[PDB]
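**Q** Structure incoming, see below.
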Amino acid sequence: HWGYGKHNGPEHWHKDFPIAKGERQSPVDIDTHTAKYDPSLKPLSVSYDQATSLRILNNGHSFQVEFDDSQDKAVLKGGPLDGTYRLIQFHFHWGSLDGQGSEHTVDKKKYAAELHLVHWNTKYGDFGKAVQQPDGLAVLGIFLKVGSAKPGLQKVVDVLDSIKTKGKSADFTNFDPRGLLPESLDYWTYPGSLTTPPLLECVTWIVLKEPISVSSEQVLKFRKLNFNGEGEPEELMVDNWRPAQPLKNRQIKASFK
Ligand SMILES: [Zn+2]
């Protein structure tokens with residue numbers, strides 16, 4: 001099965017998922033000098049005050065916090081989106097070292113980690129139908145750099161002990177994802193894909209310009225998670241990021257000058 005090691009990592013994925021060599025794959029390098037400012041783009045509208053988190057899960061390739069998405073509780077609108085997208089989960093990608101770990105890069109700069117907040121377009125009724133549509137998902141990407149601790153992340157770091165191995169889950173209620181946002185919502189946006197199999201090209205990417213800072217101690221705890229299940233030989237969950245893919249016929253647009 002696919003993963004991030006030498007015999008099953010990203011360079012191998014195309015044998016089981018040939019869309020890996022597709023026309024609108026993610027992530028990409030954001031060249032800040034060639035991105036086009038578009039005054040037509042609207043500000044993002046993030047409405048997370050009624051979010052209901054349920055659970056945190058180690059899925060064997062990352063950890064993810066899941067939200068109740070049976071109603072319009074936590075939604076993203078605006079920016080380049082048409083319609084309403086509900087939050088279903090967020091997860092992270094990170095490195096074995098502070099100088100790598102993000103999926104997107106900015107002028108080839110890598111960050112220590114990247115947060116993905118995944119939302120699906122309510123017009124398609126459920127997540128499984130949305131991923132089959134070119135405008136089915138909207139993913140907010142936030143970079144993490146190492147510096148000062150992020151208070152709103154600590155609740156997450158504290159429970160990782162309890163979901164160390166693949167398939168472990170824990171109740172995780174009353175977590176407010178607003179504490180993970182930077183001050184500014186300026187963004188870049190381009191059409192792309194999921195960055196893990198099945199790599200479907202159903203995502204409008206919205207990547208925030210401003211990183212959030214986390215402390216070395218906080219990302220250290222990420223690196224203690226395991227890819228393996230309980231009882232299996234220990235393999236640390238690190239470097240679970242896909243490298244930048246060719247931009248091909250796409251335009252990155254910026255909401256700012
Ligand atoms: Zn992701």
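Naming scheme: A, B, ... for chains in displayed order of the structure tokens; residues 1 onward per chain; ligands 1 onward as shown.
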Please produce, as a Markdown table, a per-residue contact table for chain A versus ligand 1 (criterion: any atom at most 12 Å away, only C-alpha atoms and all ligand atoms considered), showing the nearest atom pair and its distance in Å to one decimal, sorted by chain then residue number.
**A**
```
| residue | atom | partner | partner_atom_place_in_ligand_line | distance |
| --- | --- | --- | --- | --- |
| A:26 | CA | ligand 1 | 1 (Zn) | 9.9 |
| A:27 | CA | ligand 1 | 1 (Zn) | 9.3 |
| A:61 | CA | ligand 1 | 1 (Zn) | 9.8 |
| A:62 | CA | ligand 1 | 1 (Zn) | 8.3 |
| A:63 | CA | ligand 1 | 1 (Zn) | 10.0 |
| A:64 | CA | ligand 1 | 1 (Zn) | 9.5 |
| A:89 | CA | ligand 1 | 1 (Zn) | 10.2 |
| A:90 | CA | ligand 1 | 1 (Zn) | 8.0 |
| A:91 | CA | ligand 1 | 1 (Zn) | 6.1 |
| A:92 | CA | ligand 1 | 1 (Zn) | 6.1 |
| A:93 | CA | ligand 1 | 1 (Zn) | 6.3 |
| A:94 | CA | ligand 1 | 1 (Zn) | 10.0 |
| A:101 | CA | ligand 1 | 1 (Zn) | 11.3 |
| A:102 | CA | ligand 1 | 1 (Zn) | 9.5 |
| A:103 | CA | ligand 1 | 1 (Zn) | 8.0 |
| A:104 | CA | ligand 1 | 1 (Zn) | 10.1 |
| A:113 | CA | ligand 1 | 1 (Zn) | 10.4 |
| A:114 | CA | ligand 1 | 1 (Zn) | 7.7 |
| A:115 | CA | ligand 1 | 1 (Zn) | 7.0 |
| A:116 | CA | ligand 1 | 1 (Zn) | 5.1 |
| A:117 | CA | ligand 1 | 1 (Zn) | 8.0 |
| A:118 | CA | ligand 1 | 1 (Zn) | 8.2 |
| A:119 | CA | ligand 1 | 1 (Zn) | 11.8 |
| A:138 | CA | ligand 1 | 1 (Zn) | 11.6 |
| A:139 | CA | ligand 1 | 1 (Zn) | 8.4 |
| A:140 | CA | ligand 1 | 1 (Zn) | 9.7 |
| A:141 | CA | ligand 1 | 1 (Zn) | 8.2 |
| A:142 | CA | ligand 1 | 1 (Zn) | 10.4 |
| A:143 | CA | ligand 1 | 1 (Zn) | 11.6 |
| A:193 | CA | ligand 1 | 1 (Zn) | 10.1 |
| A:194 | CA | ligand 1 | 1 (Zn) | 7.2 |
| A:195 | CA | ligand 1 | 1 (Zn) | 6.0 |
| A:196 | CA | ligand 1 | 1 (Zn) | 7.1 |
| A:197 | CA | ligand 1 | 1 (Zn) | 10.6 |
| A:199 | CA | ligand 1 | 1 (Zn) | 10.7 |
| A:203 | CA | ligand 1 | 1 (Zn) | 11.3 |
| A:205 | CA | ligand 1 | 1 (Zn) | 10.9 |
| A:207 | CA | ligand 1 | 1 (Zn) | 12.0 |
| A:240 | CA | ligand 1 | 1 (Zn) | 9.2 |
| A:241 | CA | ligand 1 | 1 (Zn) | 8.0 |
| A:242 | CA | ligand 1 | 1 (Zn) | 9.1 |
```
**Q** Tell me, which residues of segment 89-134 of chain A carry DSSP strand (DSSP E), written as a VMD selection string?
**A** chain A and resid 89 to 94 105 to 106 113 to 121
**Q** Report as an NGL selection string all protein, DNA and RNA residues lying within 7 Å of residue 237 of chain A, evaluated on only C-alpha atoms, omitting residues in the same chain fewer than 5 positions from it.
**A** :A and (223-227)
**Q** To one decimal in Å, tell me the separation between atom CA of residue 68 of chain A and atom CA of residue 46 of chain A.
**A** 16.3 Å
**Q** Which one is closest to residue 54 of chain A: A:40, A:174, A:8, A:32? Count only C-alpha atoms.
**A**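 Under the stated criterion, the closest residue is A:174.
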**Q** Suppose you want the space between atom CA of residue 147 of chain A and atom CA of residue 97 of chain A; what is it in Å?
**A** 13.9 Å
**Q** Give me the residues near residue 38 of chain A as a list in words, where near means some atom within 9 Å (using only C-alpha atoms) and where sequence neighbours in that chain fewer than 3 positions away do not count.
**A**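 Residues near the query, excluding close chain neighbours: residues 41, 253, 254, 255, 256 and 257 of chain A.
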**Q** As a VMD selection string, please: the residues near segment 152-166 of chain A (cut-off 7 Å, only C-alpha atoms, same-chain neighbours under 2 positions excluded).
**A** chain A and resid 57 to 60 150 168 to 170 179 to 180 218 221 225 to 230
**Q** Please determine, counting only C-alpha atoms, which residue among A:29, A:177, A:4, A:234 has the shortest atom-to-atom distance to residue 87 of chain A.
**A**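 Comparing A:29, A:177, A:4, A:234 against residue 87 of chain A, the winner is A:177.
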**Q** Using only C-alpha atoms, which residue out of A:25, A:70, A:100, A:34 lies closest to residue 244 of chain A?
**A** A:25
**Q** Could you please determine the separation between atom CA of residue 120 of chain A and atom CA of residue 2 of chain A in Å, to one decimal place?
**A**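 Taking atom CA of residue 120 of chain A as the start and atom CA of residue 2 of chain A as the end point, the length is 24.4 Å.
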**Q** Excluding same-chain residues fewer than 2 positions from residue 20 of chain A, what lies within 9 Å of it counting only C-alpha atoms, as JSON, numbers by chain?
**A** {"A": [10, 13, 14, 15, 16, 17, 18, 22, 23, 25, 197, 198, 199, 200]}
